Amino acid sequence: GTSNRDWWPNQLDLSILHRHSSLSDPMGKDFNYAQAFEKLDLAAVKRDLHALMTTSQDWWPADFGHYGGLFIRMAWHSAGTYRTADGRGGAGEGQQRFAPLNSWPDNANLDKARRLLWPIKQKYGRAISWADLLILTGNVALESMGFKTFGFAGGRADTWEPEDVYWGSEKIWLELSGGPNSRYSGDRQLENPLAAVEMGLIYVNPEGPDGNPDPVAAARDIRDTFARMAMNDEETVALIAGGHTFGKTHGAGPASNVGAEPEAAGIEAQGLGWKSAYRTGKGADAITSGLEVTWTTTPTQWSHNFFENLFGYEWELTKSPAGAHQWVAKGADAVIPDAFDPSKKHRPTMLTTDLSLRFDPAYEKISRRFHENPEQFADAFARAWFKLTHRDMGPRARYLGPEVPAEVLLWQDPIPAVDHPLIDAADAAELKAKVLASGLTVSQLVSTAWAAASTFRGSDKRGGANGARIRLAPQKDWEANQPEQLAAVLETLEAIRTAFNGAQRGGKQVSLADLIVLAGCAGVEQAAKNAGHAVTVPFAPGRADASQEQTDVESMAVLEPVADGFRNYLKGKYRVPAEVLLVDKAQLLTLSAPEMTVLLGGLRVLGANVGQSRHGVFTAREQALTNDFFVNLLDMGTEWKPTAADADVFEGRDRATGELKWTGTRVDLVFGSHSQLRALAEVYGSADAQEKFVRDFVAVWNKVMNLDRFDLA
């Protein structure tokens, strides 16, 4: 079937905005996973998981009699797709069980691990999501083997279709760098938003960079990819050495014996893949990565033997049975157990990337400290494991169940508890009135609240207006946020806040986070009044103010909007057209195409644009809430041409006279060009639409204001 994507491969793709519809969801409209989980007997699940670790199935027999290593690998890969640059990937949606992740080469034989979990999934049904179960299983594996974890939170609801993620442009699995779709340029600079060195890997190549087995150069790739997954040097060392305390790799024979990945396998495979023709195809004969390394003398028990071996031996380069580069301690005795034959023992082996921990100078210092102080190693690993597996779960308010750690961690962007009565409706009306009486304009109000609320991204549920981090470094100095205008608004709102709070009885006070939002609501209400319409914008108090000391400035950098079509803002020049970056931002904001369309056209006429640019301001009543953007954008009396100065700026002129009416960017004019977006613009630009426009604008404005309010979930 030839499709639209075939005829018009560069048209904008809206389908990413209508994924996750109620149509694809098997659960009822009212199903609430947190309610279900909260009644799960979690202790019972963990007991069944503990029994499972040592109950070998003949179709994928357990190494050493214990599946714990396999399950730790499964849970680390579930979490290990995460990229800080956009928040996408991670364990939070259980996406390892969908394409393409289920079939990535680095996820080979994790289809077996997931299948081992079906009996338990089936037993507990909807009360434990696959997403939660993958992580819980890795915790239970660690615990069964003697390792004390830092805790566990439930609350990852299942999803029902693949997410749309840019994983790279390569068309070949595992393509080495330098090809026609290379993700590298310059001096080994990996393109944003990617966080892996090759298509279909989690982070790095275990043999070394593009297969070159140099521990020192491998360490460069480790550091860069782990940083792109939000982990620093100490977390990276602790995670790699911790994970490789357990289990083993699989490379018993040549990789050519391994068949089709799950998405390519025959229907009789029933969702499994990588069927191998090497001997029995499993167990002693397993082939997964092609490497054949067992790190420690007790692969089913927590120990400090990884570092004992790494530092205690001198290493030499060798080849696995599948021909991959790996390292062996030739002076060692045969002290490592065989996974299936109690009469065999093996010498210590390591991957190139394990030796990175010793031969990179900065990693060596850390590894040495963990070697000498294994209690420090255990604590670091427990903390990093928790971070790894929860990094995309959002605010602590989403965390469910009896094992949530009480310690509040800086990475969580924590929000202080609220310990005082909240403003009520009358108080909100009084504050709206004071804000409007202060002289702050509709534009200032709308822009400030937008700036605060629109850092949210649903990919990892970071950002949003809770915390009032807009007043802190680095958000207060972001170019998009108009730092000097922003400072003047915040000073005025802070004086209003101080006056109101000082006049109260009995502990009632308003947060600046809440007042910034409410003030935005007042601006929207005044804009509707300017247009002749009385509306009330809904407002939910309860946000709290975070301190600068509770705010990791470097972690906050990835939230900076460098492209924000809702404010007609582009920080620099990008390869990707601005309209594509608008849809990407809409997706992060969890907006449908209709919601994107209404929100943009209202923001334009409210004066939300950065720098007060006239681009897309297609109204002669700026700061009134009307459908003017749509009516003027769709007026065929106006003809549009790119300017000589800038091909991405357009002049709209009267078709009969030539007089200049408007200017616009690609983001403005896409609404008049794309056949689906123009059909939406039409609805809002019709003569019957004034009420609908205002209603829908208020609804989406309020949705954006509440994106991080999991305390009301």
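So that there is no doubt, residue numbering starts at 1 and follows the sequence shown.
**Q** Decide which of the stretches 544 to 552 and 85 to 93 has the higher mean C-alpha B-factor, going by the entry.
**A** For C-alpha atoms only, the mean B-factor is higher in 544 to 552.
**Q** So 376 to 384 or 164 to 172, which one's hotter by mean CA B-factor in the entry?
**A** Per the deposited B-factors, the answer is 164 to 172.
**Q** Which of these has the highest Cα B-factor in the record: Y184, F629, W302, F306?
**A** When the deposited C-alpha B-factors of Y184, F629, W302, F306 are compared, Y184 is largest.
**Q** Highest Cα temperature factor in the entry, among the options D48, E682, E659, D668: which one is it?
**A** Largest recorded C-alpha B-factor: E659.
**Q** Splitting the chain's C-alpha B-factors into thirds, which one does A699 fall into?
**A** Lowest third, going by the recorded CA B-factors of the chain.
**Q** Per the entry's values, where does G672 land by CA temperature factor relative to the rest of its chain, in the lowest, middle or highest third?
**A** Lowest third - that is where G672 ends up once the chain's C-alpha B-factors are sorted.
**Q** Lowest, middle or highest third: where is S686 by Cα B-factor in its chain?
**A** CA B-factor rank for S686: lowest third.
**Q** Consider only the C-alpha atoms of the modelled residues in this chain, order them by B-factor as the entry records it, and name the third containing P119: lowest, middle or highest.
**A** For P119, whose C-alpha B-factor we compare with every modelled residue in the chain, the answer is the lowest third.
**Q** Taking the C-alpha B-factors as the PDB entry records them, is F456 in the lowest, middle or highest third of its chain?
**A** Lowest third.
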